[PDB]
file final30.pdb (PDB, C-alpha atoms)
MODEL        1
ATOM      1  CA  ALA A   1      90.710 134.053  80.724  1.00  0.00           C
ATOM      2  CA  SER A   2      93.108 132.360  83.200  1.00  0.00           C
ATOM      3  CA  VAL A   3      96.823 131.611  83.825  1.00  0.00           C
ATOM      4  CA  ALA A   4      98.387 128.147  83.282  1.00  0.00           C
ATOM      5  CA  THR A   5     100.934 126.706  85.767  1.00  0.00           C
ATOM      6  CA  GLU A   6     104.256 125.137  84.634  1.00  0.00           C
ATOM      7  CA  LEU A   7     103.297 121.636  85.858  1.00  0.00           C
ATOM      8  CA  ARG A   8      99.719 120.895  84.787  1.00  0.00           C
ATOM      9  CA  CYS A   9     100.206 117.100  84.988  1.00  0.00           C
ATOM     10  CA  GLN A  10      97.014 115.193  86.035  1.00  0.00           C
ATOM     11  CA  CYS A  11      97.506 113.292  89.379  1.00  0.00           C
ATOM     12  CA  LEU A  12      94.924 114.327  92.018  1.00  0.00           C
ATOM     13  CA  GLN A  13      97.181 113.885  95.078  1.00  0.00           C
ATOM     14  CA  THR A  14      98.336 110.219  94.743  1.00  0.00           C
ATOM     15  CA  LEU A  15      95.982 108.248  96.987  1.00  0.00           C
ATOM     16  CA  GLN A  16      97.279 105.181  98.873  1.00  0.00           C
ATOM     17  CA  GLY A  17      95.523 102.375  96.971  1.00  0.00           C
ATOM     18  CA  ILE A  18      91.782 103.062  97.183  1.00  0.00           C
ATOM     19  CA  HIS A  19      89.184 100.330  96.576  1.00  0.00           C
ATOM     20  CA  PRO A  20      88.422  99.214  92.983  1.00  0.00           C
ATOM     21  CA  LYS A  21      84.813  98.256  91.910  1.00  0.00           C
ATOM     22  CA  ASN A  22      84.865 101.560  89.992  1.00  0.00           C
ATOM     23  CA  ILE A  23      88.579 101.578  89.159  1.00  0.00           C
ATOM     24  CA  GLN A  24      88.547  99.966  85.684  1.00  0.00           C
ATOM     25  CA  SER A  25      92.103 100.857  84.559  1.00  0.00           C
ATOM     26  CA  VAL A  26      95.231 102.919  85.208  1.00  0.00           C
ATOM     27  CA  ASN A  27      97.992 104.738  83.360  1.00  0.00           C
ATOM     28  CA  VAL A  28     101.670 104.910  84.315  1.00  0.00           C
ATOM     29  CA  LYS A  29     104.053 107.466  82.720  1.00  0.00           C
ATOM     30  CA  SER A  30     107.556 108.715  83.560  1.00  0.00           C
ATOM     31  CA  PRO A  31     108.996 112.241  84.079  1.00  0.00           C
ATOM     32  CA  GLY A  32     110.261 114.467  81.211  1.00  0.00           C
ATOM     33  CA  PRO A  33     108.913 118.031  80.856  1.00  0.00           C
ATOM     34  CA  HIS A  34     108.544 120.544  83.752  1.00  0.00           C
ATOM     35  CA  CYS A  35     106.166 118.063  85.485  1.00  0.00           C
ATOM     36  CA  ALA A  36     109.363 115.945  85.786  1.00  0.00           C
ATOM     37  CA  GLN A  37     107.456 113.383  87.867  1.00  0.00           C
ATOM     38  CA  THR A  38     106.060 109.882  87.316  1.00  0.00           C
ATOM     39  CA  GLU A  39     102.420 109.196  86.469  1.00  0.00           C
ATOM     40  CA  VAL A  40     100.104 106.707  87.989  1.00  0.00           C
ATOM     41  CA  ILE A  41      96.488 107.514  87.114  1.00  0.00           C
ATOM     42  CA  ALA A  42      93.803 104.862  87.756  1.00  0.00           C
ATOM     43  CA  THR A  43      90.892 105.586  85.403  1.00  0.00           C
ATOM     44  CA  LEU A  44      87.651 105.205  87.322  1.00  0.00           C
ATOM     45  CA  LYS A  45      84.681 103.179  85.963  1.00  0.00           C
ATOM     46  CA  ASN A  46      82.690 106.386  85.455  1.00  0.00           C
ATOM     47  CA  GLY A  47      85.604 107.459  83.165  1.00  0.00           C
ATOM     48  CA  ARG A  48      87.431 109.460  85.858  1.00  0.00           C
ATOM     49  CA  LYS A  49      91.042 109.210  87.019  1.00  0.00           C
ATOM     50  CA  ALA A  50      93.083 109.222  90.233  1.00  0.00           C
ATOM     51  CA  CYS A  51      96.772 109.103  91.018  1.00  0.00           C
ATOM     52  CA  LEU A  52      98.310 106.868  93.670  1.00  0.00           C
ATOM     53  CA  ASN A  53     101.827 106.408  95.098  1.00  0.00           C
ATOM     54  CA  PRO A  54     103.404 103.366  93.353  1.00  0.00           C
ATOM     55  CA  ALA A  55     106.371 103.931  95.716  1.00  0.00           C
ATOM     56  CA  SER A  56     103.740 103.201  98.421  1.00  0.00           C
ATOM     57  CA  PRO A  57     103.417  99.483  99.329  1.00  0.00           C
ATOM     58  CA  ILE A  58      99.581  99.292  99.368  1.00  0.00           C
ATOM     59  CA  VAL A  59      99.588 101.301  96.175  1.00  0.00           C
ATOM     60  CA  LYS A  60     102.223  99.038  94.575  1.00  0.00           C
ATOM     61  CA  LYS A  61      99.388  96.535  95.178  1.00  0.00           C
ATOM     62  CA  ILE A  62      96.987  98.741  93.230  1.00  0.00           C
ATOM     63  CA  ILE A  63      99.270  98.076  90.219  1.00  0.00           C
ATOM     64  CA  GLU A  64      99.542  94.348  90.830  1.00  0.00           C
ATOM     65  CA  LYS A  65      95.838  93.929  91.749  1.00  0.00           C
ATOM     66  CA  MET A  66      94.779  96.062  88.781  1.00  0.00           C
ATOM     67  CA  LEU A  67      97.038  93.671  86.818  1.00  0.00           C
ATOM     68  CA  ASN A  68      95.102  90.743  88.406  1.00  0.00           C
ATOM     69  CA  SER A  69      91.517  89.836  87.282  1.00  0.00           C
ATOM     70  CA  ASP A  70      92.024  87.878  84.019  1.00  0.00           C
ATOM     71  CA  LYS A  71      91.853  84.304  82.577  1.00  0.00           C
ATOM     72  CA  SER A  72      88.014  84.277  82.512  1.00  0.00           C
TER      73      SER A  72
ATOM     74  CA  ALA B   1      80.874 109.574  55.873  1.00  0.00           C
ATOM     75  CA  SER B   2      81.857 106.094  57.167  1.00  0.00           C
ATOM     76  CA  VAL B   3      80.562 103.126  59.231  1.00  0.00           C
ATOM     77  CA  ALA B   4      81.703 102.406  62.824  1.00  0.00           C
ATOM     78  CA  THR B   5      82.434  98.823  63.993  1.00  0.00           C
ATOM     79  CA  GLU B   6      81.049  97.402  67.287  1.00  0.00           C
ATOM     80  CA  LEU B   7      84.515  97.080  68.890  1.00  0.00           C
ATOM     81  CA  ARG B   8      86.468 100.274  68.170  1.00  0.00           C
ATOM     82  CA  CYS B   9      88.860  99.782  71.111  1.00  0.00           C
ATOM     83  CA  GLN B  10      92.427 101.112  70.534  1.00  0.00           C
ATOM     84  CA  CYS B  11      94.923  98.148  70.731  1.00  0.00           C
ATOM     85  CA  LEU B  12      97.088  97.975  67.555  1.00  0.00           C
ATOM     86  CA  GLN B  13      97.635  94.183  67.566  1.00  0.00           C
ATOM     87  CA  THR B  14      99.269  93.582  71.014  1.00  0.00           C
ATOM     88  CA  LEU B  15     103.006  93.433  70.319  1.00  0.00           C
ATOM     89  CA  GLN B  16     105.230  91.109  72.390  1.00  0.00           C
ATOM     90  CA  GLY B  17     107.137  93.644  74.514  1.00  0.00           C
ATOM     91  CA  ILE B  18     108.895  96.012  72.103  1.00  0.00           C
ATOM     92  CA  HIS B  19     111.873  98.146  73.175  1.00  0.00           C
ATOM     93  CA  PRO B  20     111.271 101.299  75.281  1.00  0.00           C
ATOM     94  CA  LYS B  21     113.414 104.496  74.754  1.00  0.00           C
ATOM     95  CA  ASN B  22     110.255 105.949  73.169  1.00  0.00           C
ATOM     96  CA  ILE B  23     107.739 104.072  75.318  1.00  0.00           C
ATOM     97  CA  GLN B  24     107.128 106.640  78.092  1.00  0.00           C
ATOM     98  CA  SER B  25     103.964 105.122  79.636  1.00  0.00           C
ATOM     99  CA  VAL B  26     101.159 102.566  79.320  1.00  0.00           C
ATOM    100  CA  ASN B  27      97.494 102.109  80.149  1.00  0.00           C
ATOM    101  CA  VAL B  28      95.826  98.914  81.372  1.00  0.00           C
ATOM    102  CA  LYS B  29      92.014  98.628  81.175  1.00  0.00           C
ATOM    103  CA  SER B  30      89.569  95.714  81.642  1.00  0.00           C
ATOM    104  CA  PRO B  31      86.658  94.398  79.488  1.00  0.00           C
ATOM    105  CA  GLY B  32      83.052  95.704  79.744  1.00  0.00           C
ATOM    106  CA  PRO B  33      81.254  96.934  76.596  1.00  0.00           C
ATOM    107  CA  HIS B  34      81.208  95.082  73.218  1.00  0.00           C
ATOM    108  CA  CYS B  35      85.044  95.282  73.130  1.00  0.00           C
ATOM    109  CA  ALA B  36      84.801  92.903  76.136  1.00  0.00           C
ATOM    110  CA  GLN B  37      88.605  92.603  76.161  1.00  0.00           C
ATOM    111  CA  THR B  38      91.454  93.877  78.349  1.00  0.00           C
ATOM    112  CA  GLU B  39      93.571  96.912  77.490  1.00  0.00           C
ATOM    113  CA  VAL B  40      97.272  97.303  77.570  1.00  0.00           C
ATOM    114  CA  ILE B  41      98.344 100.403  75.626  1.00  0.00           C
ATOM    115  CA  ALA B  42     101.931 101.686  76.022  1.00  0.00           C
ATOM    116  CA  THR B  43     101.925 105.398  75.149  1.00  0.00           C
ATOM    117  CA  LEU B  44     104.949 106.141  72.999  1.00  0.00           C
ATOM    118  CA  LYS B  45     107.297 109.098  73.713  1.00  0.00           C
ATOM    119  CA  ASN B  46     106.054 110.876  70.583  1.00  0.00           C
ATOM    120  CA  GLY B  47     102.567 110.646  72.219  1.00  0.00           C
ATOM    121  CA  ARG B  48     101.534 107.463  70.374  1.00  0.00           C
ATOM    122  CA  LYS B  49     100.234 104.175  71.776  1.00  0.00           C
ATOM    123  CA  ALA B  50     100.676 100.425  71.294  1.00  0.00           C
ATOM    124  CA  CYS B  51      99.091  97.356  72.802  1.00  0.00           C
ATOM    125  CA  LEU B  52     100.991  94.314  74.005  1.00  0.00           C
ATOM    126  CA  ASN B  53      99.992  90.889  75.379  1.00  0.00           C
ATOM    127  CA  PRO B  54     100.236  91.057  79.212  1.00  0.00           C
ATOM    128  CA  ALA B  55      99.354  87.327  79.135  1.00  0.00           C
ATOM    129  CA  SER B  56     102.658  87.072  77.188  1.00  0.00           C
ATOM    130  CA  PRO B  57     105.749  86.541  79.404  1.00  0.00           C
ATOM    131  CA  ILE B  58     108.059  89.082  77.683  1.00  0.00           C
ATOM    132  CA  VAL B  59     105.155  91.486  77.638  1.00  0.00           C
ATOM    133  CA  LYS B  60     104.377  90.859  81.327  1.00  0.00           C
ATOM    134  CA  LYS B  61     107.932  92.263  81.564  1.00  0.00           C
ATOM    135  CA  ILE B  62     106.867  95.364  79.645  1.00  0.00           C
ATOM    136  CA  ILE B  63     104.535  96.049  82.615  1.00  0.00           C
ATOM    137  CA  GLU B  64     107.153  95.340  85.258  1.00  0.00           C
ATOM    138  CA  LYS B  65     109.974  97.133  83.370  1.00  0.00           C
ATOM    139  CA  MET B  66     107.699 100.090  82.616  1.00  0.00           C
ATOM    140  CA  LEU B  67     107.039  99.980  86.389  1.00  0.00           C
ATOM    141  CA  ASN B  68     110.851 100.040  86.928  1.00  0.00           C
ATOM    142  CA  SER B  69     112.924 103.259  86.394  1.00  0.00           C
ATOM    143  CA  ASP B  70     112.331 105.298  89.591  1.00  0.00           C
ATOM    144  CA  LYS B  71     114.083 106.406  92.845  1.00  0.00           C
ATOM    145  CA  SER B  72     116.236 109.029  91.048  1.00  0.00           C
TER     146      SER B  72
ENDMDL
END
call {"tool": "encode", "arguments": {"input": "final30.pdb", "output": "structure tokens"}}
result
Amino acid sequence: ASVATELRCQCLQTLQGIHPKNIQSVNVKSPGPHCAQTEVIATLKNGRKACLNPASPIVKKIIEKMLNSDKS
Amino acid sequence: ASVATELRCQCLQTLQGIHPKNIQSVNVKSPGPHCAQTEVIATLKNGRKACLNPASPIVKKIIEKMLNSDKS
């Protein structure tokens, strides 16, 4: 028994590039429905998720650094 | 009634940067469990998903281009 908002989305409050170690992945979507906003959720190691500001510089790192860590 | 493999994962067969229009987002995960492989799933507009080779050059574009499309 509750009311649903017309946004819903999933971002917490877009953090400014937190530290990884837990951060195992991330998702990036575009606007469309009433959320009409981007999407930038970093799935935490425990299977959680956070949103960050890709427009942010440090956070734009979060994408690139999350992209890094390969060629093992 | 069926048997489960020891990989499961989700990747289709990592495409080499397909065309967007439908592609609305993507997810990028790292190795860990028996899948022990990366993750690069582009969620389709219809709410589907595909995997692509980020090691691939065209596909490394798929990440950057998916990153593009903002500042509206």
call {"tool": "residues_near_point", "arguments": {"input": "final30.pdb", "point": "(97.0, 105.1, 85.0)", "cutoff": "7 Å", "atoms": "only C-alpha atoms", "output": "PyMOL selection string"}}
result
(chain A and resi 25-28+39-43) or (chain B and resi 27)
call {"tool": "resolve_selection", "arguments": {"input": "final30.pdb", "expression": "the ChimeraX specification (/B :<12) & /A", "output": "ChimeraX atom specification"}}
result
/A:20-33,36-45,47,49,53-55,60,62-72
call {"tool": "residues_around", "arguments": {"input": "final30.pdb", "residues": "residue 35 (chain B)", "least_positions_apart": "4", "cutoff": "9 Å", "atoms": "all atoms listed in the file", "output": "PyMOL selection string"}}
result
chain B and resi 6-9+31
call {"tool": "atom_distance", "arguments": {"input": "final30.pdb", "atom1": "CA of residue 46 (chain B)", "atom2": "CA of residue 34 (chain A)"}}
result
16.5 Å
call {"tool": "atom_distance", "arguments": {"input": "final30.pdb", "atom1": "CA of residue 48 (chain A)", "atom2": "CA of residue 12 (chain B)"}}
result
23.7 Å
call {"tool": "atom_distance", "arguments": {"input": "final30.pdb", "atom1": "CA of residue 13 (chain B)", "atom2": "CA of residue 52 (chain A)"}}
result
29.0 Å
call {"tool": "axis_aligned_box", "arguments": {"input": "final30.pdb", "around": "region 21-34 of chain B", "padding_each_side": "4 Å", "output": "AutoDock Vina command-line options"}}
result
--center_x 97.3 --center_y 100.5 --center_z 77.4 --size_x 40.2 --size_y 20.2 --size_z 16.5
call {"tool": "decode", "arguments": {"input": "final30.pdb", "residues": "region 5-55 of chain A", "atoms": "C-alpha atoms", "output": "PDB file, in the first residue's frame"}}
result
ATOM      1  CA  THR A   5       6.389   8.738  -8.170  1.00  0.00           C
ATOM      2  CA  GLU A   6       6.636   9.618 -11.904  1.00  0.00           C
ATOM      3  CA  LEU A   7      10.453   9.289 -11.975  1.00  0.00           C
ATOM      4  CA  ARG A   8      11.450   6.124 -10.108  1.00  0.00           C
ATOM      5  CA  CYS A   9      14.817   5.848 -11.916  1.00  0.00           C
ATOM      6  CA  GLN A  10      17.613   4.315  -9.737  1.00  0.00           C
ATOM      7  CA  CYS A  11      20.531   6.808  -9.178  1.00  0.00           C
ATOM      8  CA  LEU A  12      21.200   7.431  -5.454  1.00  0.00           C
ATOM      9  CA  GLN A  13      22.327  11.074  -5.786  1.00  0.00           C
ATOM     10  CA  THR A  14      25.224  10.826  -8.322  1.00  0.00           C
ATOM     11  CA  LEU A  15      28.373  10.711  -6.194  1.00  0.00           C
ATOM     12  CA  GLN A  16      31.585  12.362  -7.462  1.00  0.00           C
ATOM     13  CA  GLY A  17      33.711   9.287  -8.239  1.00  0.00           C
ATOM     14  CA  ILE A  18      33.976   7.276  -5.014  1.00  0.00           C
ATOM     15  CA  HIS A  19      36.728   4.687  -4.463  1.00  0.00           C
ATOM     16  CA  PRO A  20      36.464   1.259  -6.169  1.00  0.00           C
ATOM     17  CA  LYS A  21      37.661  -1.968  -4.367  1.00  0.00           C
ATOM     18  CA  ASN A  22      33.938  -2.767  -4.042  1.00  0.00           C
ATOM     19  CA  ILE A  23      32.804  -1.111  -7.277  1.00  0.00           C
ATOM     20  CA  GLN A  24      32.875  -4.095  -9.678  1.00  0.00           C
ATOM     21  CA  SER A  25      30.878  -2.593 -12.586  1.00  0.00           C
ATOM     22  CA  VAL A  26      28.628   0.226 -13.790  1.00  0.00           C
ATOM     23  CA  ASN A  27      25.685   0.865 -16.088  1.00  0.00           C
ATOM     24  CA  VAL A  28      25.129   3.894 -18.321  1.00  0.00           C
ATOM     25  CA  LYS A  29      21.708   4.634 -19.903  1.00  0.00           C
ATOM     26  CA  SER A  30      20.181   7.674 -21.625  1.00  0.00           C
ATOM     27  CA  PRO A  31      16.931   9.636 -21.020  1.00  0.00           C
ATOM     28  CA  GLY A  32      13.538   8.652 -22.537  1.00  0.00           C
ATOM     29  CA  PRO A  33      10.499   8.235 -20.248  1.00  0.00           C
ATOM     30  CA  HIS A  34       9.480  10.703 -17.472  1.00  0.00           C
ATOM     31  CA  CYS A  35      12.887  10.085 -15.792  1.00  0.00           C
ATOM     32  CA  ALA A  36      14.220  11.877 -18.925  1.00  0.00           C
ATOM     33  CA  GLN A  37      17.738  11.800 -17.458  1.00  0.00           C
ATOM     34  CA  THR A  38      20.944   9.846 -18.102  1.00  0.00           C
ATOM     35  CA  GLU A  39      21.995   6.825 -16.052  1.00  0.00           C
ATOM     36  CA  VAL A  40      25.311   6.081 -14.532  1.00  0.00           C
ATOM     37  CA  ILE A  41      25.012   3.340 -11.906  1.00  0.00           C
ATOM     38  CA  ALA A  42      28.205   1.666 -10.620  1.00  0.00           C
ATOM     39  CA  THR A  43      27.245  -1.785  -9.317  1.00  0.00           C
ATOM     40  CA  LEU A  44      29.033  -2.390  -6.036  1.00  0.00           C
ATOM     41  CA  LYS A  45      30.936  -5.646  -5.297  1.00  0.00           C
ATOM     42  CA  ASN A  46      28.293  -6.645  -2.744  1.00  0.00           C
ATOM     43  CA  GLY A  47      25.808  -6.393  -5.685  1.00  0.00           C
ATOM     44  CA  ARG A  48      24.699  -2.825  -4.885  1.00  0.00           C
ATOM     45  CA  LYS A  49      24.615   0.238  -7.135  1.00  0.00           C
ATOM     46  CA  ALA A  50      25.444   3.952  -7.041  1.00  0.00           C
ATOM     47  CA  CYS A  51      25.078   6.802  -9.488  1.00  0.00           C
ATOM     48  CA  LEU A  52      27.798   9.346 -10.210  1.00  0.00           C
ATOM     49  CA  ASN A  53      28.028  12.515 -12.338  1.00  0.00           C
ATOM     50  CA  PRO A  54      29.719  11.569 -15.658  1.00  0.00           C
ATOM     51  CA  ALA A  55      29.521  15.311 -16.475  1.00  0.00           C
TER      52      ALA A  55
END
